[PDB]
């Protein structure tokens, strides 16, 4: 059917979170490997995490991980690039974190009051970022992100994937 080969070295937590949220809805298997590959048909594949996240959310209709309207669709894209660039970075973390903090000031979830790709990719990156944790040791982390991060980290799915996959 639909198979995903992950890189068991630096696991794409975000994608695996995604797989877990679409399992009942879609039949998907995960295999160990040295790289990330989503096998869809005979020879159509996706290699970069953001393409895999988009295909999964597009196919898992029940899950509603890609929003409900063009606006939320575009917001979710914004957070995909945000996580793949500003957050996938050592420099200007502080500028980046503050930006995220401002956005979460009045939100519970990043987009549309329910879980979405945006929530997965940002959280996954935010976990695997050293600066975030250092802030965590220090207790210097911004208030909103801490709540949002904490809220997600406490959910069953976020702990199943964490337990099985998190290198640290």
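Residue numbers count along the first chain shown, from 1.
Between the stretches 102-110 and 127-135, it is 127-135 that shows the larger average CA temperature factor.
Of the two segments examined, 23-31 and 48-56, it is 23-31 that shows the higher average Cα temperature factor in the deposited entry. When the modelled residues of the chain are ordered by their C-alpha B factor, residue 5 lands in the lowest third. Per-chain ranking of the deposited C-alpha B factor places residue 88 in the highest third. Residue 95 sits in the highest third of its chain by CA B factor, as recorded in the PDB entry. Among the modelled residues of its chain, residue 143 has a C-alpha B-factor that falls in the middle third according to the deposited record. Ranked against the other modelled residues of its chain, the C-alpha B-factor of residue 38 as given in the entry falls in the highest third.
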